[PDB]
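Asker: Provided herewith is a single structure, encoded as structure tokens, for subsequent inquiry.
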Amino acid sequence: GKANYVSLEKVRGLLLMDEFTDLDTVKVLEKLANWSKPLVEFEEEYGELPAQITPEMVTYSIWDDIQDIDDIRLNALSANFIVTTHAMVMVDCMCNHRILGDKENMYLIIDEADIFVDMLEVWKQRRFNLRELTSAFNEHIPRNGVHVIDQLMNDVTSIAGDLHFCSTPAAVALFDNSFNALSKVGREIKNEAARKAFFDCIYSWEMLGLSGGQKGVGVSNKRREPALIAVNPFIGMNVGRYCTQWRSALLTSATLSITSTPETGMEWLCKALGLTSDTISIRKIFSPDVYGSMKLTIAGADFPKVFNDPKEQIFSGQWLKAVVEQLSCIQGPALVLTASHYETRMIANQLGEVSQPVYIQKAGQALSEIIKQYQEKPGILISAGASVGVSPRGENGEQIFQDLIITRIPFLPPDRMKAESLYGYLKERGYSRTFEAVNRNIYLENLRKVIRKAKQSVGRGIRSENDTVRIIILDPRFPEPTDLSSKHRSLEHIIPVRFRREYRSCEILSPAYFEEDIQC
Amino acid sequence: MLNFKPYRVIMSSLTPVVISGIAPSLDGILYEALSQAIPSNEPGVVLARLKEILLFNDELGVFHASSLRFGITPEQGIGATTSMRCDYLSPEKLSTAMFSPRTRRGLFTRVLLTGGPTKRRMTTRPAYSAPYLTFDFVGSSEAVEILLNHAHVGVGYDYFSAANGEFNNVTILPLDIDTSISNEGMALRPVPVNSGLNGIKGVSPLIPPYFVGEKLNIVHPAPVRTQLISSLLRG
Amino acid sequence: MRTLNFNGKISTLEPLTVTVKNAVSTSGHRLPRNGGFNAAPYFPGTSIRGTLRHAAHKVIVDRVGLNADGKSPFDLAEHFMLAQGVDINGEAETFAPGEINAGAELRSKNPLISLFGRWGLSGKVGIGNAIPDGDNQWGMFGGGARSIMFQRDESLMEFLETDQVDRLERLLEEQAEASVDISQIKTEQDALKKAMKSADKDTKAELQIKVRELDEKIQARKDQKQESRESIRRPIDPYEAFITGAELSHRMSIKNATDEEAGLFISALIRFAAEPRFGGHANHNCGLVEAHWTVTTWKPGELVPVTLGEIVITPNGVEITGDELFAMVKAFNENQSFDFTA
Amino acid sequence: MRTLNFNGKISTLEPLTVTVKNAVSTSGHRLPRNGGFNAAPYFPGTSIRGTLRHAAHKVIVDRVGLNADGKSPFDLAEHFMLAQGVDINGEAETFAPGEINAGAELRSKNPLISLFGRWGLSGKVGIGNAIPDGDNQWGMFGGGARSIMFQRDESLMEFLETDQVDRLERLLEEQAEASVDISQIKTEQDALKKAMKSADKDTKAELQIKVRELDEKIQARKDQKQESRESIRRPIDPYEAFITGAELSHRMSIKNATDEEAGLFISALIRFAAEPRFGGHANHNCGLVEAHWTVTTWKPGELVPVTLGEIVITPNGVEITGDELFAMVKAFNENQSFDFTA
DNA sequence: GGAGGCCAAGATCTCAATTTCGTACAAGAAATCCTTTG
DNA sequence: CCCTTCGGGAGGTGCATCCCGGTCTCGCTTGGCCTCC
């Protein structure tokens, strides 16, 4: 990233003014001033500069226009292999190639393409900052209405909390209520031209929201400002257009295939990016014949139901007790991968010290801190869904978790409004499909998303060819090998194909119908 | 000529399977699938291509393709349902817009549907409704997966006409012992009498299609065999 | 020749139901479940096959047209040959039993008898079942109850003459007495059936020759009704159907088919889209479907599916996508040398 | 003969409800749920079909003309046959299976029977279920509670004599004590019904007998009530109904619809617009609907259908667009070759 | 006078009863943030 | 450039219906009888 780079000649201001009471830094900062190169190239390669040369202070600036970034971009432009974050690619979403150059010249290899198309959703975000609208109309201001605008701004802060985006039913309900009360304020602007401008702005926000995608409440990364987030319903194919602009793009990932069949487990990208048969050049699934060893333990059908009442997010005491017991039965370092931070909280509260150091991922805490703390002292590590493509290395390349415990399959919540938005879209497109049909379609798409997410979760194990993992799925809904007619049979694709024999021969913690029938 | 490994195929039965006396052999299913894949009904070429995806016993003259075996779970078992075909002479079929009935007194002679050569044929056949179907075979897993998933082939008498024994979720798993031809001396598919395998005597061609070729004496397993799905997935 | 596999989904526009004798029992109308009650129903491929065969036969009738007298050229024998493949006159080419590729002349001359077979000639079109893609996609639709018109709308009585009003009152009285008699007879029948599950062979034989006589008594009492044999205020039994908007996976195929036979099949599908109705209970608009079928073929020699096009039937129209589908359709429109009269 | 498909939406003016014996149970009143208990309710196509059939029957009755004293020439049998397809005489000409053009003469001379069919004659008109749009468009409407008029308004008591006041006292005391007894026995019944779920079904039979005799004792206790047989003060069980303003996608079809039959159907819609009521609880004005339908014909063999016009029924009037619908209505109104007798 | 069609009559009997998806997630950047401050 | 109060308290009861009314069929062949040619 541009800001990620090492700071500018202000760094020389750091060479002198040695107020920082370290007294070992001066020489390394002298070296730094003579090395105007990327942080990773210099700071993370010459000892990591611990307890000195703070990255926070040398981080470019959020509003830095210096033209040295242009020089670095030109220096790195002459290249054949370039390594960068997906963000930089996605920056071109609206940036009209003002940071990149020729498309027909180069190729684009998106590694971790599942993370790319998952992060699109975070980038499928246009936020209506209510503070921004308040400040914009400071002359045509129906100040009597301002209270409402503040009151909604309070509610967003109550619902959004510390999250940049939340799609809970509270969030969409607050979206609708806020926009209705802002249409209320719409009949208060005195200037007719200003009244129409405001009305058109809120109308555009309304169609942007309802027409397609997800609505939510946002809290801006900087200044923590309340906002109402919506999803652009036609920029989903613009990314595909952007990829096709390159001479030949390759989307590759470790979980891109929901199923083992290429031509039926890939439609999530075919539809998400809008790719029709024009852009389906090859669809192939390549997995190693033998890479590591996988033992499987599963919760049978008779295992207790996870949620006693999932509508209010209530975990059944029986299932929590069983999970606590099974976790206490472990005898080596283990990585528990929950779905929610609430579930992390509940298992942490119910679970106690089991002779194995416990570690917890607090909501919002960057996984780097927890993983670093747990590395030196291994043991139980509960991590929520925040960790999607980060596995805990053993600090020398060795596996430091013999057991990978998926307490529950990370089922996505029902989207009663995404279904409504898709139904409205199809209805306006002329397609005649009942609401329940759209609900089924959305449910199947969410199930495929869940299959991919738990594929990523399982991929946290067996990071090396010598790695051996005991994967323990404690979810009652995970299909038993003998129950080939389970509703979530597709979840069998979570297990890699090579270890499917190990899926068939697995220790069931609570198998159902565990008897020997005579009508054989 | 391709490296063949013993595989067991288990599929979810969707409609009743009608067995034509002899249990449907997976070799026949694959033969039909290839006849669809190769646009040719000549037995020679379809067989030659079938040998490339299935192991063929030269000394015994059959493909390594076990007969149908019904995978029954503790939820659903082998059930007796009738595959039921009826002529439906609707008013549109019985109308002058579609043909010219012979007329007398200006009245159209109604079709005698109660009997005769123009009756409403109520053909009912037995059919076995198990929750799963299973076969064993020494062949290429890729080709058989592709065929069973994409070729219009079912298990039973007429999948083409009656749509009997529709299946889906075809899952292949490797086996440890070749259980296609023999099973502790019990033939799991049609085999010649001289092979020494016991079972049930019958007359049928050894090699598919099972409606052509001289019908020579064979030993075949029980037409309706049931096994627990858990035991079938053990391998 | 080519094998065209139509793999697709049928979205149900209005509930899809079918009456099957084995599936239907005295407990009620159930769809074919291929197992117990707690199983997944499937729409029979026989019903879809017959519907598409009727569509193709209508297409053939339209292509052939009518004689100068305005009457269809087909007679009963040819009509039944094309509709259901029953040779009523006993005049048909008895192809050899062991020769698979027999009737190439007949196949070329009669593309309908090629696509769907006749008796003794294997059909080329394999119409699979419509399998639901969910665990709850069927329901007890229809039902309701037949209500006496004059007991719901009093205004309708203003049209009846006093003689007819007395006739109505007599009908209602007869219905009431027939109900209160048949219900008691059925209660006795139920008691006898309850005693059927504790009986031995002798008393079983004694107490089942009694049940049928109670049924004959019911029939005689119903016949005694002078004004109406059957009660009008009848509760209609529901019929099991697929829910509205049920995504049913449908697998169809044509085997080693000339472009003309495939063209006839596509034309039959297009005509079927005019009235895309599958199954019965058409009174409740049951059977209306919209289907998208990806038409694939097999690569020469290679076991790989190529996508030749798509067939999307919807109420707004039929969308044929793929050049080769148009080629097949026009080829069927051409080759006027088809002979459906022999 | 055109295949007219009416595709449209029924907007709800007042809550839309229907009590189907299949869907409703002792748990309460539920709308017909499409697949499952937790599935979206649908207004049955049966109720809409019956409403439209009665509307068309009234259309035919008015067209044929009431006699001087407002009485239609039709007998009772003709009314029942036209409006419910049930023949009370038994003289209705059953078309033996295999008849070519079965009932073409009756269809020509009886457009109404051609549209809505009969026993043995297929009805050209298929009236589909009206499925709702969106996640929530239904709820438990109705409800509330019957209240003693005199305990709510004391002003009504000045209209009662001393004897009637004493009668009211007796009625209330009897209701209170009978309700106490009924609640006790119902508590015991509820305890037994909770014990019902035991796996010992052989004893479930005895428990069911116990429930039946408990209900008989409840009935006997209620019969032992001189003043009121039924408790006057009682909460009304709510009925599930589609919300006001609920949009329900609706589809109807008329296969091979002649201009006469199509015109009769449009006239039936027009007359139904006068009382646009679909279903029950009319006491709460339930059933009022504003429906707009697009009529589209589909010439078989044509890839796309053509929209003949649109029928819009609103409280402000009936708007019919397209010259085709007007032509069909006029053709039906001018054709004098219909005889609905038998 | 033969040759199509419509109707009636022909033996007693087969077994079986069904109950409602999924829950909570969010990283490094051109940004517009911005615009300051003044 | 102050400094944001205490707590009070949170229902009693009614009453929970009656009834209809659960269909025809037909899956074959033959001759007698009716009109047709």
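Asker: Charges on Cβ only, +1 for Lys and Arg, -1 for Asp and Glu, centred on the Cα centroid of the range A:328-475; of A:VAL354, A:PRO333, A:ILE406, which one is farthest towards the dipole's positive end?
Answerer: So the residue we want is A:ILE406.
Asker: Step through the table entries B:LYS93/C:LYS71; A:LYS418/A:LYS449; A:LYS184/D:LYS9, compare each Cα-Cα distance with 22 Å, and write down the pairs that go over it.
Answerer: Values: B:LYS93/C:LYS71 15 Å; A:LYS418/A:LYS449 14 Å; A:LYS184/D:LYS9 30 Å.
Too far apart for the 22 Å limit: A:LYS184/D:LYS9.
Asker: Same structure again: Go through C:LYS201/D:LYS217; D:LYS58/D:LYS255; B:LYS5/C:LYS255; C:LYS225/D:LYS204 and tell me which ones have a Cα-Cα distance over 32 Å in this structure.
Answerer: Correct reply: C:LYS201/D:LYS217; C:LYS225/D:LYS204.
Asker: Additional query: With each pseudo-label sitting 7 Å past Cα toward Cβ, what's the D:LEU192-A:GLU41 distance in nm, one decimal?
Answerer: In this crude spin-label approximation the distance works out to 8.9 nm.
Asker: OK, next. Taking the Cα centre of chain A as origin, sum charge times position over the Cβ atoms of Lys and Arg (+1) and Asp and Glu (-1), and report the length of that vector in debye to the nearest 20.
Answerer: On the way: 59 positive and 67 negative charges, 340 e Å.
Dipole size: approximately 1640 debye.
Asker: Could I ask something else about it? Most mobile of B:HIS64, B:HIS220, B:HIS152 per a Gaussian network model of chain B (Cα springs, under 10 Å)?
Answerer: Evaluated over chain B, the most mobile residue of the options is B:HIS152.
Asker: Restricting to the protein assembly as shown, compute how many DSSP beta bridges are antiparallel as a %, nearest 5.
Answerer: DSSP beta bridges in the protein assembly as shown are roughly 80 percent antiparallel.
Asker: D:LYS21: which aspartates and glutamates have alpha carbons under 12 Å from its alpha carbon, excluding same-chain residues fewer than 8 sequence positions away?
Answerer: C:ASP237
Asker: Let me have the 222 nm mean residue ellipticity of chain B computed from DSSP H runs of 4+ only, each contributing -39500 (n - 2.57), with the sum over all residues rounded to the nearest 500.
Answerer: Theoretical 222 nm ellipticity from helices: -4500 deg cm²/dmol.
Asker: Which of the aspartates and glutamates could a cross-linker bridge to A:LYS453, judged by Cα under 12 Å and excluding same-chain residues fewer than eight apart?
Answerer: Here the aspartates and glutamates satisfying the reach criterion relative to A:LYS453 are A:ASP114, A:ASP118.
Asker: Could you state the per residue volume, in Å³, of the convex hull enclosing the Cα atoms of the range C:13-104?
Answerer: 223
Asker: For the range A:192-257 and the range A:70-95, write down the distance between their C-alpha centroids in whole Å.
Answerer: Cα centroid of the range A:192-257 versus Cα centroid of the range A:70-95: 23 Å apart.
Asker: Using a Förster distance of 35 Å, how high is the FRET efficiency between B:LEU107 and C:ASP223, based on the Cβ-Cβ distance and rounded to 0.05?
Answerer: 0.70
Asker: Using 1/(1 + (r/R0)^6) with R0 = 56 angstrom and r between the beta carbons of A:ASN96 and A:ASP22, what's the FRET efficiency to the nearest 0.05?
Answerer: With a Förster radius of 56 Å, E is 0.80.
Asker: Moving on. Ranked from highest to lowest mean number of other Cβ atoms within 10 Å per residue, what is the order of the peptides D:317-330, A:281-294? Before the final figure, lay out each step's value.
Answerer: Details: D:317-330: 16.0, A:281-294: 12.0.
So the order, starting with the most tightly packed, is D:317-330, A:281-294.
Asker: Given labels modelled 7 Å from the Cα in the Cβ direction, how far is it in nm from A:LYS372 to A:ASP200?
Answerer: 5.1
Asker: Kindly provide the helix-only [θ] at 222 nm of chain D, computed as the sum of -39,500 (n - 2.57) over DSSP H runs of four or more divided by all residues, to the nearest 500 deg cm²/dmol?
Answerer: It comes out at -12500 deg cm²/dmol, rounded to the nearest 500.
Asker: Going Cα to Cα from B:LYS215, which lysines come in below 19 Å? Please leave out same-chain ones fewer than 8 positions away.
Answerer: Excluding near neighbours in sequence, the set is B:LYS201.
Asker: Let me have the 222 nm mean residue ellipticity of chain A computed from DSSP H runs of 4+ only, each contributing -39500 (n - 2.57), with the sum over all residues rounded to the nearest 500.
Answerer: The helix contribution divided over chain A gives -12000 deg cm²/dmol.
Asker: Would you mind working out the magnitude of the charge dipole of the range A:114-183 relative to its Cα centre, with +1 at each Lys and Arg C-beta and -1 at each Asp and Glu C-beta, to the nearest 20 Debye?
Answerer: 220
Asker: Can you give the relative contact order of the range A:372-489 as a percent, counting alpha carbon pairs under 8 Å and 6+ residues apart?
Answerer: Reported relative contact order: 35 percent.
Asker: Do the alpha carbons of any pairs in A:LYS284/A:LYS377; D:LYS193/D:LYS222; C:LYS124/D:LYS299 sit beyond 30 Å of each other, and which pairs?
Answerer: A:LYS284/A:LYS377
Asker: Average partner chain C-beta neighbours within 10 Å, per residue of B:98-109?
Answerer: 5
Asker: Which length gain, in nm to one decimal place, applies between A:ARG143 and A:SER61 when the Cα-Cα distance is subtracted from 0.36 nm times their residue separation?
Answerer: Using 0.36 nm per residue and subtracting the Cα-Cα distance, I get 25.9 nm.
Asker: Shifting gears a bit: Calculated FRET efficiency, D:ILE236 and C:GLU158, Cβ-Cβ r, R0 35 Å, to nearest 0.05?
Answerer: Calculated value: 0.65.
Asker: State, in angstrom, two size descriptors of chain C derived from its alpha carbons: Rg to one decimal place and Dmax to the nearest whole number.
Answerer: In Å, with Rg to one decimal and Dmax whole: 26.5, 82.
Asker: Among C:71-83, B:175-187, how do they line up by average Cβ neighbours within 10 Å per residue, starting with the highest?
Answerer: C:71-83, B:175-187
Asker: Between A:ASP111 and B:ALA48, with labels modelled 7 Å along Cα→Cβ, what's the label distance in nm to one decimal, could you check?
Answerer: In this crude label model, A:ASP111 to B:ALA48 measures out at 4.8 nm.
Asker: Between the label point of C:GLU206 and that of the same position in each other copy, find the distances and list them shortest first in nm, with every label point placed 7 Å from Cα along the Cα-to-C-beta direction.
Answerer: Listed shortest first, these distances are 2.7 nm.
Asker: Residue farthest toward the positive end of the dipole of the protein assembly as shown, with Cβ of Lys/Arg at +1 and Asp/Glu at -1: which of B:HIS64, A:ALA170, A:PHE81?
Answerer: Projecting each Cα onto the dipole axis, the largest value belongs to B:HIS64.
Asker: Oh, and also: Using unit Cβ charges (K, R positive; D, E negative) and no other charged atoms, how large, in debye to the nearest 20, is the dipole of the protein assembly as shown about its Cα centre?
Answerer: On the way: 157 positive and 183 negative charges, 410 e Å.
Charge dipole of the protein assembly as shown: 1960 debye, to the nearest 20.
Asker: Same structure again: Where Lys and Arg each count +1 and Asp and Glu each count -1, what net charge lies around D:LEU308 among other residues with Cβ under 10 Å from its Cβ? Don't skip to the answer; put the middle values down first.
Answerer: On the way: positive: D:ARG2; negative: D:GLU310, D:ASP323, D:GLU324.
Residues close to D:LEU308 contribute a combined charge of -2.
Asker: Which shape class, rounded, prolate or oblate, goes with the range D:53-197 when its Cα gyration tensor gives a ≥ b ≥ c as root eigenvalues, a/c under 1.5 marks rounded, and past that a/b bigger than b/c marks prolate? It would help to have the intermediate numbers written out before the result.
Answerer: Working: a/c = 2.82, a/b = 1.94, b/c = 1.45.
Prolate.
Asker: Same structure, new question: Note the angle between two axes, namely the Cα long axis of helix D:45-64 and the longest principal axis of the Cα atoms of chain D, as a number of degrees from 0 to 90, rounded to the nearest 10.
Answerer: So the helix axis and the longest Cα principal axis differ by about 60 degrees.
Note that we place each Cβ from the backbone using ideal geometry, even for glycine, and neighbour counts take in every protein chain shown. We did not get these values from a lab; they are worked out from the coordinates using the rules stated.
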